[PDB]
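> Here it is, the structure in full.
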Amino acid sequence: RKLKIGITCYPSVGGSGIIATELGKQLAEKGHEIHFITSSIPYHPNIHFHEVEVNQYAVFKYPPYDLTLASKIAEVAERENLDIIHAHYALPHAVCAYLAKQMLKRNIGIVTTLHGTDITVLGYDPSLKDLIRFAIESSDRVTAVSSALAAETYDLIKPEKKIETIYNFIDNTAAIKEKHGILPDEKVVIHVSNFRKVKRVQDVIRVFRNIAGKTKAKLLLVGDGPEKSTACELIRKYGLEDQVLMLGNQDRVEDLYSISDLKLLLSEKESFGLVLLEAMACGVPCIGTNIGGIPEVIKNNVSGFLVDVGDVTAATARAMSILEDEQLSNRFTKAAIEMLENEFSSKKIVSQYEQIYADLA
Amino acid sequence: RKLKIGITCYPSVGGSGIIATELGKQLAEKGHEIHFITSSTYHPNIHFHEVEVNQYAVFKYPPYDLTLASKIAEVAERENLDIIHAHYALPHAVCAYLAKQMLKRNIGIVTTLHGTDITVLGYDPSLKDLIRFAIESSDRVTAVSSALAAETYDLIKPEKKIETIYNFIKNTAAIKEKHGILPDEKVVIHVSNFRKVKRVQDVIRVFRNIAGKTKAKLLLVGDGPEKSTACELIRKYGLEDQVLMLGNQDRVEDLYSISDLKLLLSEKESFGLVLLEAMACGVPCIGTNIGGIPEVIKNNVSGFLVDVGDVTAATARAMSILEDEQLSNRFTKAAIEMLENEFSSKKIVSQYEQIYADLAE
Ligand SMILES: CC(=O)N[C@H]1[C@@H](O[C@@H](CC(=O)O)C(=O)O)O[C@H](CO)[C@@H](O)[C@@H]1O
Ligand SMILES: CC(=O)N[C@H]1[C@@H](O[C@@H](CC(=O)O)C(=O)O)O[C@H](CO)[C@@H](O)[C@@H]1O
Ligand SMILES: O=c1ccn([C@@H]2O[C@H](COP(=O)(O)O)[C@@H](O)[C@H]2O)c(=O)[nH]1
């Protein structure tokens, strides 16, 4: 049964944005009518974009994006007769969905997906606890991208609400290596992140120093963010400028995972770690920290390795085990691919979102 | 029975900011407990609570509406507020509504319209339903004039009673000396925010005719976007030496005290708080025949009213006042008795108190 589904999110912060957009693309492919309600964007015929323009109107001291977004949700809900609004993030989107629902004369189902950013915000301003709780409680169905995010939510927010785990999902290496001046005999390590402190790039670099000081190696650092200059400085301090490619942000990140032999994600906080799936899909074995959602993706000594937060020497050892032992590497990669094709497959995950919409319609 | 009353507003935009803070000052004196909740000597029963809006790398816009709602809820619960009194439908009534859906308690929401919601709506017609929802989700709604009540009903159509409750309110040789005004100059004053709706260009033209018929100074008091337009027009008519651009001011009372005539020739004006100030200081007023201005000025009794844009009639009215001391003192006397009756703080504060009393129990 074809539904009309509104989706309200920030179209791209890194991981979440990609997930919401991708999810909309896959529902479109299944014949559903999808209506993104977002800030202006720069596609399938069943996907439509509605833009929220915020103005100050010379009355408002701060631009009222929340209220403007609520308004626009309600307007679209009504004109297009939406069955669902799917909000990504409790704040602001789930509260806006709620406001839009109270404006509408019609009932409409609200689904909210927590990606982790409500926990982050709560760390900056714990007084938002009640508002986040309300937003969760006022949704019809609430999902989280990991069981560990869900548990953390229950712990800090304590809502009277079942939070269901629905995981994230994902959609010529000689030439690419050549483009990037990587030689046939260099081992390629990759790290993709938004360079925030919680990512601990400094740990990624200390591990890579250890690596490149044993075998011959190149590090691909992909992304941009606040701790970039901390990264460079540390690259220069250790003398690794020839051996590291600061690629900034990238498109064609699949090209970069395709040429890599090892993926490091050594975060102190991580609700899921979408970058792990992408590397797994490209047959790149992973080491991650044993926090947050990471151990729901990497199964230790089965699909990759897990290490303690900050444990550089343990991650080095794991890293070499993998870089030398082609047999270990291949068994990891193959175990990872099996996860992709079952638990993390877009077909299974899009159907779990879809079952929620049908429940509510 | 003393009550605990939260007040959410922008604490000194201009008129509304003055009203909301004086109202709280006056309720404090009668022994109510007043909690201002805003983005920021005083009576001991007045308390201030500040909201801090931050993005935290998560939000694209700082969510002031959501943070404000969250702070109202928090103060409401901690202090057992009986009442939240919001000034402006947007954002404050909606923030108060949100705070009230968050509270385990019931709380009375009082919303006062000042006319900004009409301004917002002219700029963005799609916010109609939101403004309507904000009005209908308040428990009681007031408006600063019957003209605003009526225009609100005609433009927004809320199913909600809007009650009219009005706004409420020496060594001149030294002052005139200080501003270089000589003893034989007539002084005309205009106090506004220099928005386009104030028609400062009509005030200046009228002044221009006056100044060609008698020795005159014009005090233009305040700041805003059309200030530079005003300046230019002054230059064009050659009046630089006859006009004082005082910019924003405190002790506006000093300036009224040296003035013989006040012009308010707006094309939109819900109430016109500046008329009451000028009346209290013994200055006769000419206003346009719109919005609330006629609820304040009685034509030929306590000032004159003219049509919007009618420079000829304003000039002729201005000359009749500046030439006839008898007329002027009759206007000024009559104006002052209106102030003691219709626009007294004792009367208006008690009207607000009665609303609060109806809502608490
Ligand atoms: C810090 C954190 O929890 N980040 C999660 C979070 O990342 C955020 C961005 C961020 O907060 O760094 C996002 O992409 O919206 O959600 C991702 C997608 O669901 C997860 O894969 C990330 O692990
Ligand atoms: C243009 C307009 O309607 N202004 C009203 C409005 O003024 C606004 C400022 C403005 O938008 O001009 C305010 O001060 O909040 O509210 C005042 C207080 O009730 C009224 O005296 C003004 O007449
Ligand atoms: O330069 C970059 C940095 C990050 N990403 C993408 O941002 C997302 C980060 O998700 P997560 O690891 O925060 O969950 C991934 O899809 C990743 O490929 C890029 O496309 N280019």
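Note that chain B is numbered according to Swiss-Prot, with residues 2-41, 48-176, 184-375 shown in order.
Quick check of the header: X-ray crystallography, 2.2 Å.
Positions of Cβ are set from backbone N, Cα and C atoms, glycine also.
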> Starting from the (S)-malate binding annotation in Swiss-Prot that includes B:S17, B:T123, which of B:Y49, B:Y95, B:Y160 is the extra site residue?
B:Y95
> Given 7 residues with no model between B:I176 and B:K184, what whole-number C-alpha distance in angstrom do these ends have?
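Output for the chain break: 18 Å between Cα atoms.
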> Neighbours of the UDP site B:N207, B:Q263, B:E291: Cβ within 8 Å of the Cβ centroid, same chain, sequence order.
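Residues close to the UDP site, other than B:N207, B:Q263, B:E291: B:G15, B:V205, B:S206, B:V235, B:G236, B:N262, B:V266, B:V288.
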> Distance check, please: Cα of B:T123 ((S)-malate binding site) against Cα of B:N207 (UDP binding site), rounded to an integer number of angstrom.
14
> Using Cβ atoms only, which of the binding-site residues B:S17, B:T123, B:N207, B:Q263, B:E291 are under 8 Å from chain A?
B:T123
> Please identify which of B:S17, B:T123, B:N207 has the densest Cβ environment, defined as other Cβ atoms within 10 Å, among these binding-site residues.
B:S17
> How many Å lie between the CA of B:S41 and the CA of B:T48, given 6 residues are missing there?
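Flanking Cα atoms, separation 16 Å.
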> Give me the long-range Cβ neighbours of B:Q263 (UDP binding site): same chain, 6+ apart, Cβ under 8 Å, in sequence order.
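Those within reach of B:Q263 (UDP binding site), by Cβ under 8 Å and sequence separation of 6 or more, are B:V235, B:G236, B:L269.
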> Give me the Cα-Cα distance between B:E291 (UDP binding site) and B:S17 ((S)-malate binding site), rounded to a whole Å.
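Cα of B:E291 (UDP binding site) to Cα of B:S17 ((S)-malate binding site) measures 14 Å after rounding.
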> Take the Cβ of B:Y95 ((S)-malate binding site) and count every other Cβ within 10 Å, whichever protein chain it belongs to.
27
